[PDB]
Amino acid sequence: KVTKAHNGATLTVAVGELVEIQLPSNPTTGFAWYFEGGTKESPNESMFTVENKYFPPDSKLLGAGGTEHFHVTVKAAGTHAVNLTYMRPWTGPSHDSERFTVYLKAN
């Protein structure tokens, strides 16, 4: 379903539907994708639940990046911002952190 190509898009979705977000991610650099606060958990569990998974590359090189899957299920009607930042958790974000946003609109 959702990739970096969809940054800033609004997707129309049903309450209860699973949105798979797939984002490139390299843990060998210390960076990963996080909601504000440095957590993989939903800002608001009543609006939408989030599950999370890293998948390594089929490459055996050291420093080869993989993919984070975020499985988002909408739980209430509304247009919900899912806002991620690619950052080191001990540093936090800066002006120039890579950010990903998708809006999930359920009627």
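Between two forms, the rigid core is defined as the largest C-alpha subset superposing within 1.5 Å. Residues carry their position along the shown sequence, with the first being 1.
> Fitting on the rigid core only, I'd like to know which of the two stretches, 89-97 or 8-16, ends up farther away in Cα terms in 5 other deposited structures of this protein.
When 89-97 and 8-16 are compared in 5 other deposited structures of this protein, the bigger C-alpha shift is seen for 89-97.
> For a rigid core alignment of each structure in 5 other deposited structures of this protein onto the shown form, which stretch has the higher root mean square Cα deviation: 56-64 or 69-77?
Once the cores are fitted, 56-64 deviates more in 5 other deposited structures of this protein.
> Which has higher Cα B-factors on average according to the PDB entry: 42-50 or 63-71?
Comparing 63-71 with 42-50, the higher average CA B-factor belongs to 42-50.
> Hey, what third does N7 fall into on Cα B-factor, ranked over its chain?
Middle third.
> Lowest, middle or highest third: which one holds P57 when the chain's residues are ordered by CA B-factor from the entry?
Its C-alpha B-factor belongs to the middle third of this chain's values.
> Quick check for you: using the entry's CA B-factors within this chain, is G37 in the lowest, middle or highest third?
For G37, whose C-alpha B-factor we compare with every modelled residue in the chain, the answer is the highest third.
> Pull the Cα B-factor of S97 out of the PDB entry and bin it into the chain's lowest, middle or highest third.
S97: CA B-factor falls in the highest third of its chain.
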